[PDB]
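In structure tokens, the next block holds one chain alone, the form deposited in one PDB entry.
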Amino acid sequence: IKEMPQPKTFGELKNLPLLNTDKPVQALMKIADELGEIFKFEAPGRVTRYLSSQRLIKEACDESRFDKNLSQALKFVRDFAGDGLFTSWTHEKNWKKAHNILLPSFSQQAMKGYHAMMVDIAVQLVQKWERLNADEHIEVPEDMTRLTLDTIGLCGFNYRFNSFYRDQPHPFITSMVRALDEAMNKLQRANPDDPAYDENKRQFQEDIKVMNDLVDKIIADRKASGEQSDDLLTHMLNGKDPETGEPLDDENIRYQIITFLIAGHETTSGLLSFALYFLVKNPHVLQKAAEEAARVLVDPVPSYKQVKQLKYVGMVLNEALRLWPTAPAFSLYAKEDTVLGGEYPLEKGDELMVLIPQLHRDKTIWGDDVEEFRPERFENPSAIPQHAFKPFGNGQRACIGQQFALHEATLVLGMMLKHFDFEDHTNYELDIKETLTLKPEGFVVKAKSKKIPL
């Protein structure tokens, strides 16, 4: 029974000022490097414990002992994502109902139906880059975000955001990005109810109204027309939960659509951006991935079955998720009193944060080459210890979008490596911007066409 380390305190504010930074996850990573596999973090009125070791996280991932907690970040996102899957408690009726209704829409099988839509957007990205002039470069996270938002819009509700036709984001997106910024900024405020934050609160309410009005009109317009497109919205209007026999209500459908647009904007785009970053920093790895793409993608348009055969590209994406998991944490609560790792007693209700980037750096799992980009680490999942690799979270509350994200990312990265050579022309220094998620900021490359027709 050990006493837990705790980082430096600021009197009555305890640890809270440590998060007064534009890079709080990267600050918590540096604290974990100093304090080790577990530390206590206190703010006025709340305590959590940050876990970094596979030794403790494998226990935290025991669903008989721990359930998903809404972190303060998720509670603030819930003001616009409601009781959508991502911001619902496991015990709320609408979690299991929506989970049962939506699981078939997110399976490996369902991906065959979404593939043609994903290819539509992927072809738009390839044509954009084919059409750049000799003097020009690519804004990587900008273009990956254009792609991943457009893909979920088209597969979500058959809506074209037409992001490759715009410098300025669609108005829904300007509102969603500003709401996500206010949710994440609200975290840092020692003094939240101050009047210096009164404009922020007024803007948040306008942004919520914007997201609701576009999404509610999309739903209303679809029911009115009665058309049956094979998108998530059609599945949610016609689907019944096998348990309750009930469908989702129109308000819950709107929370699910907002949730899916947040995920498509924030997470998959981060993964593609980090994957291209590691490939241009690791030319031998880029070469082996480009060789797979050339051998497998033998048709102008990739097929679903071809994407399934891009195994090495799959390993590249997992190794990018290992070093920079774009969704960097999740939160758990103890269902009952229990002891963590035979050292740290917890009471019913005590909270934990899993710091995924640190878990993925555990040298007892990955060895001394832990900072190196080596996709071959992922050749044999049976050779990886339990709960060592958690970029999609844990158990019944794991990412429902995992198959969707990995299909889209494998397809697009495979087409990028087929069609272009890449140059890191600025010798880019990694700068990680934090929103809901992690993304390279300012990452730019030059892409020289291999002139292979679409």
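Residue indices: 1-based, along the sequence shown. The term rigid core refers to the maximal set of C-alpha atoms that superpose within 1.5 Å between the two forms.
Keep in mind that the form deposited in another entry is not shown, yet the notes after this line are about it.
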**Asked** Hey, after the core superposition between this form and the one not shown, which of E130, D216, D337, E291 has the C-alpha moving 2 angstroms or more?
**Response** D216
**Prompt:** Honestly, after the rigid core fit, is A275 moving at least 2 Å at Cα between this form and the one not shown?
**Reply:** no
**Prompt:** Core-aligned, does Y159 move its Cα 2 Å or more between this form and the one not shown?
**Reply:** no
**Message:** On a rigid core superposition, would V177 pass a 2 Å threshold for CA movement between this form and the one not shown?
**Reply:** yes
**Message:** Comparing against this form, do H170 and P440 have their CA atoms pulled together or pushed apart in that other deposited form? The difference is 3 Å or more.
**Reply:** closer
**Message:** Flagged pair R160/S225: C-alpha distance shifts by 3 angstroms or more in that other deposited form. Which direction, closer or farther?
**Reply:** closer
